[PDB]
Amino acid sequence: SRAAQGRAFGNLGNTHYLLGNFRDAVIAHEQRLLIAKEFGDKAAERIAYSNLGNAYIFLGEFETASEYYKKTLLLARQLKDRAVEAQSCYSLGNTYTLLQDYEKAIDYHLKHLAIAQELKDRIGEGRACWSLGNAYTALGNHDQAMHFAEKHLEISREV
């Protein structure tokens, strides 16, 4: 059964990933992804993009990771999944920092911030302020950095 194989690949991919077998995680998640597309299973397709992006981070392939996180972001928006939209924006902000593309990093970190505030995810808001302060400082934008450094301090005391 092709559907059972899709489940099995998704499970194998996750286990390889957690064992540090990132190459073999990619091989398995790609087959999960293909089978998800065959069956029109958008939930599984989205999940596979996110797990692929994560594996490529640990393979050091940051541009490839960004391509998979952009795919996850698109699908999360289509599915109206705000928490997953936020997660993929945070992963993109970090990925663009690894690529030393601070303008794109700031874009996606601001997107994550907005959703974390809407969702009352205060811990996530603190992460966003940490990340944004760091990025603005890397660029010399110290008035923006001040705003987010103050907010990181305030949140750091709460959660």
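All residue numbers refer to positions in the sequence shown, first residue = 1.
**Student:** Take the C-alpha B-factors listed in the entry for 128-136 and for 49-57, compute each mean, and give the stretch with the larger one.
**Tutor:** If you average the C-alpha B-factors of 128-136 and of 49-57, the larger mean comes out for 128-136.
**Student:** Pick between 137-145 and 18-26: the one whose mean CA B-factor in the entry is higher.
**Tutor:** That would be 137-145.
**Student:** Name the one of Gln100, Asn94, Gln31, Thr64 with the greatest CA B-factor according to the PDB entry.
**Tutor:** By C-alpha B-factor in the record, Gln100 ranks first.
**Student:** Sorting the chain's CA B-factors, does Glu38 end up in the lowest, middle or highest third?
**Tutor:** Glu38: CA B-factor falls in the lowest third of its chain.
**Student:** Could you place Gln78 in the lowest, middle or highest third of its chain by Cα temperature factor, using the values in the record?
**Tutor:** Its C-alpha B-factor belongs to the highest third of this chain's values.
**Student:** Would you please rank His109 by its C-alpha temperature factor against the other modelled residues of its chain and give the third it falls in: lowest, middle or highest?
**Tutor:** Bottom third by C-alpha B-factor.
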